[PDB]
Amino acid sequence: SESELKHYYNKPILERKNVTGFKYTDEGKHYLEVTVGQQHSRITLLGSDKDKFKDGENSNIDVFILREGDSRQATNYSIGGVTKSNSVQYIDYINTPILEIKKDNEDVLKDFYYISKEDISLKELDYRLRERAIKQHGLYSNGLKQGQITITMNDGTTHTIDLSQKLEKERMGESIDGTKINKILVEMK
């Protein structure tokens, strides 16, 4: 549903880099606990992120946190969005790829997307692209609600995301090489 999708993709984000978190298991499930200031978060690990970080204390991780429900308890319960921090710390490289956005198969923008992160999560790319389609092009308003983001890598590999649904939760912890994104296409209809 249209209004629910806009709700979800207008939730605020807690985004921090070079943090430390604690990875544990508890009743067949896998979690990462993280505290940034007096702000407290528990991130469920569902996909391949389960095996990508070893249980126990994890340093040099970046975090992209979104609170799944509407309950107003202080602790954040999020899914995925954990990646390895940049392995070059002393310079911040930012690379452009091409960014193209389409409504009803005509371009409405042809420009650039900027990427600072070596290891970047589909949770983050999904959220931020939808944020842009929503705020500047009126996804998900009247009722523009379908589909296709396509991220094309340097080797021709692609990742595609349906706009008519939230990103699949098992994909929110998947990550790609942000230094090697050649193009991002967002088609709306």
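All residue numbers are counted from 1 along the displayed sequence.
Visitor: If you average the CA temperature factors over each stretch, which comes out higher, 56-64 or 27-35?
Guide: The recorded data point to 27-35.
Visitor: For the C-alpha atoms alone, is the average B factor greater in 138-146 or in 120-128, going by the entry?
Guide: That would be 138-146.
Visitor: Whose CA atom has the top B-factor in the entry, of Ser41, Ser48, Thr44, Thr152?
Guide: Out of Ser41, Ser48, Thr44, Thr152, the record gives the largest C-alpha B-factor to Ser48.
Visitor: Lowest, middle or highest third: where is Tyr93 by Cα B-factor in its chain?
Guide: Middle third.
Visitor: Ranked by Cα temperature factor within the chain, is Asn105 in the lowest third, the middle third or the highest third?
Guide: Answer is highest: the recorded C-alpha B-factor places it there.
Visitor: Place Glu168 in the lowest, middle or highest third of its chain's C-alpha B-factors, as listed in the PDB entry.
Guide: Its C-alpha B-factor, which the entry lists for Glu168, ranks in the highest third among residues of this chain.
Visitor: Ranking the modelled residues of this chain by C-alpha B-factor as given in the entry, is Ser87 in the lowest, middle or highest third?
Guide: For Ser87, the deposited C-alpha B-factor lands in the highest third.
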